[PDB]
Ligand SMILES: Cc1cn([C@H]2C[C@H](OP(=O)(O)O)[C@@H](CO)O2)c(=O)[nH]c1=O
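A single chain, nothing else alongside it, follows as structure tokens in the form deposited without thymidine-3'-phosphate.
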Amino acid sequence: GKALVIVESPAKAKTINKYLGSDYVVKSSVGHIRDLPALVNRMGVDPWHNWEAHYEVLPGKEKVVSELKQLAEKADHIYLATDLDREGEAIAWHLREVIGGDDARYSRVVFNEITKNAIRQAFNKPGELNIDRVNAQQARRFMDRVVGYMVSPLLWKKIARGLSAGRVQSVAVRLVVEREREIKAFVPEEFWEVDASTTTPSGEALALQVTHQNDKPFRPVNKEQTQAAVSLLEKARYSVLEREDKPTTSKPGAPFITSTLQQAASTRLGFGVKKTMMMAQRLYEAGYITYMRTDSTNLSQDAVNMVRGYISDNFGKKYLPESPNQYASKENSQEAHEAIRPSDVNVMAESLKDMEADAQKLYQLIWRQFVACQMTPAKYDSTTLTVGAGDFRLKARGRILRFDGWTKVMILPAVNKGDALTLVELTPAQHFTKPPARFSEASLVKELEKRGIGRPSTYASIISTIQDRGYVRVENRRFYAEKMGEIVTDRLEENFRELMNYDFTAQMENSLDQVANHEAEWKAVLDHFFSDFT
């Protein structure tokens, strides 16, 4: 009968409750409490009557709503403590609209971390439900509903029952299909490379690749031109034309954001996209990391000071940059203002108490990326040898690590300019250009991000769905378009070319953000969407 705080999961309720006093009753409403269900009747949304929607409490959740009602009235003030993004904003909105009461009866608290300071400042300066966000979510919802209920039927008719088209997953399948057709159509190009094994004045071995002939790039295309070059190279005199020594540096990557976390988690840990977000959310809800749906590589000042503090103690001076390493500002298309990082750098992956082995591995990846992004660059001594042999130009590259810098948390022989090199053996080799590489789970996420097709909340879903529906399959960690995906794609491009257009999809995603950021109105965006779509 004090103050009621609503969160979306038991796990989140147990953690936030640690930072809320006696006058706070924390209750969770597992996921979506309310949602969408002739053609308009089934969709639960009317594109022909200014997007009139018909929401209804989820099947069976009729109890939860009541448990909340008689608990809310029994409450002083109601705090909507859902995740910070527009999705959590709509869940908050649905809760307020179902429990009822006056608006001044609710507050929307915002935090991107479940810690003592974060929850304090969140309940200290509570805000109001942001209607633009809610409308952005609704608009995305209505767009997906319209596409699915109006396109899936054509797939049932022209191909098979059980098939379903998605506004974004459809374009994602096209990306894999095109790549499949690009690969099958690829015609290998023959080309040769000549290498030269040589000896330094002191004896040390040195391998060189022929790069230029008569000051033009060396690219023989057949056995005949190669044999000619080899014959000249056999009788030429080899001498070092140049030894370029330059200090090179390697900078650490930026702290993670949703897409980069999925890419690295897949490549470095073999974790599937859905698994990463599941472990990530587990970590976030237990208060170990910052919100996991973000496209901001920005880091708060406190987090930066703390990890720099950690870097001094555990690595020393030479690893601590002069000034902090900045990557991006807090402003981005999405709601999250910070990157994915640990809530406390002092907490190692090995100390997490209620986490499975995989959630620990992920935290470990998140932790190391975060600490490394504030460490100094790795320093290398690069060596480029340019060798002359008659009319030919040869080169050899070398590199030796001087300072590991950030890599701590994760060679050519000697010869001077003018030195003579003894030709030991020439190795002419025939090769064939390779087809475009196939998509990996990591390169597909990157592709989706690069084209503006995906968002932090859809990357995973988009990649999981297309595999489940059977349009693509993964084999040996690489993506293969399935015949069914190719067939659905061609039919979709015939009947709905606009839907299958990359720029259309990316525009709609941008338009959604615009609604969220008060730069566009949702019904107008939906009107333009439905208009392009039909």
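A residue's number is simply how far along the shown sequence it sits, counting from 1. The term rigid core refers to the maximal set of C-alpha atoms that superpose within 1.5 Å between the two forms.
The next section is about a form of this same protein that is not shown, the form solved in complex with thymidine-3'-phosphate.
Asks: Does this chain block thymidine-3'-phosphate or leave room for it once its pose in the entry with it bound is superposed onto the site C-alphas (blocked: 3 or more ligand atoms within 2.4 Å of backbone or C-beta; open: none)?
Replies: Blocked pocket: the modelled ligand, placed by site superposition, has 3 or more atoms clashing at the 2.4 Å cut-off.
Asks: In the entry with it bound, does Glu521 come within 4.5 Å of thymidine-3'-phosphate, counting heavy atoms only?
Replies: Taking the distances in the entry with it bound, the answer for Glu521 is no, it never comes within 4.5 Å of thymidine-3'-phosphate.
Asks: Would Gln137 sit within 4.5 Å of thymidine-3'-phosphate in the entry with it bound, counting heavy atoms only?
Replies: The answer is yes: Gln137 has a heavy atom within 4.5 Å of thymidine-3'-phosphate.
Asks: Is there any non-hydrogen atom of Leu84 lying within 4.5 Å of thymidine-3'-phosphate in the entry with it bound?
Replies: Yes, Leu84 lies within 4.5 Å of thymidine-3'-phosphate in the entry with it bound.
Asks: Flag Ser107 as yes or no: does it have a non-hydrogen atom within 4.5 angstroms of any non-hydrogen atom of thymidine-3'-phosphate in the entry with it bound?
Replies: Residue-level check for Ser107: no, no contact with thymidine-3'-phosphate.
Asks: Taking 4.5 Å between heavy atoms as the contact cutoff, choose which of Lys275, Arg133, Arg393, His94 touches thymidine-3'-phosphate in the entry with it bound.
Replies: Answer to the contact question: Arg133.
Asks: Looking at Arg282, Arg341, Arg455, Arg308 here, can you tell me which has any non-hydrogen atom within 4.5 angstroms of thymidine-3'-phosphate in the entry with it bound?
Replies: Answer to the contact question: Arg455.
Asks: Just one stretch in 114-122, 208-216, 84-92, 422-430 has heavy atoms within 4.5 Å of thymidine-3'-phosphate in the entry with it bound, so which one is it?
Replies: Comparing against thymidine-3'-phosphate in the entry with it bound, the contact stretch is 84-92.
Asks: Once you align the rigid core, which of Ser312, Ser231, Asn346, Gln301 turns out to move its Cα at least 2 Å between this form and the one not shown?
Replies: Just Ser231.
Asks: By the 2 angstroms cut-off, has the C-alpha of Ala185 moved between this form and the one not shown once the rigid core is superposed?
Replies: Result for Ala185: no, shift under 2 Å.
Asks: With the core lined up, does the C-alpha of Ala429 move 2 Å or more between this form and the one not shown?
Replies: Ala429: C-alpha displaced by 2 Å or more between this form and the one not shown.
Asks: Take the rigid core as the frame of reference and indicate whether the C-alpha of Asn222 shifts by 2 Å or more between this form and the one not shown.
Replies: Shift of 2 Å or more: yes.
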